[PDB]
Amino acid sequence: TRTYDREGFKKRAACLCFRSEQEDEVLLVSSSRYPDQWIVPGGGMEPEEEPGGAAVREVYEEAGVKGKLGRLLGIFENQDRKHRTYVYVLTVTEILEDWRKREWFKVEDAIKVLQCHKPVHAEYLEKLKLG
C-alpha cells in the first residue's frame, strides 16, 4: 500500500548503497521490467513505516543487499510526480547471492549513467558533491 503526507505527496525512500565508508562506489540496479535502465534502489513507504525502515526494506527487495544505514542525505521532492523521497546512504556489508542486474559504479560514472537513465536519481548523487 501507498502512504501520503498532509500535503498530498506520496512518501518514498531510496538509498545510495556504497561499497565502503569512502562513498566512492555506489550500487546501481535495474528492475525486472526495464532491465537496461540503471536506477537507484527505492520505492514507496508502507503506511506504518519509518523512512529508514522503508529504505532498508527497499534496498533488500530491489538491490538484494544488507548493510549499515547511514545519514539522511535529504528529502527530495519531485513535483512532477508529487513524490517526497527520503534518500539515505548505506554501507553494504552483504550481497545476497541468487537475487534484474546490479553493478558498482564510481560516483561520477553513476551520475553520468543516471543523467540519461533517470535524471532525478542523478540528483541524489549530486547532493553528495553539493554537501
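Residues carry their position along the shown sequence, with the first being 1.
- Query: Hey, how big is the hole between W99 and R100 in terms of deposited residues without coordinates: none, 1 to 3, 4 to 9, or 10 or more?
  - Reply: Some 4 to 9 residues are missing between them.
- Quick one: say whether 66-74 or 33-41 has the higher mean Cα B-factor in the deposited entry. Higher mean C-alpha B-factor: 33-41.
- Query: Higher mean Cα B-factor in the deposited model: 13-21 or 112-120?
  - Reply: Comparing 13-21 with 112-120, the higher mean C-alpha B-factor belongs to 112-120.
- Message: Comparing recorded Cα B-factors across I95, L90, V87, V26, which one is largest?
- Response: Answer, based on the entry's C-alpha B-factors: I95.
- Query: Of the three thirds of its chain by CA temperature factor, lowest, middle or highest, which one includes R57?
  - Reply: For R57, the deposited C-alpha B-factor lands in the lowest third.
- Chain-relative CA temperature factor third for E49: Middle third.
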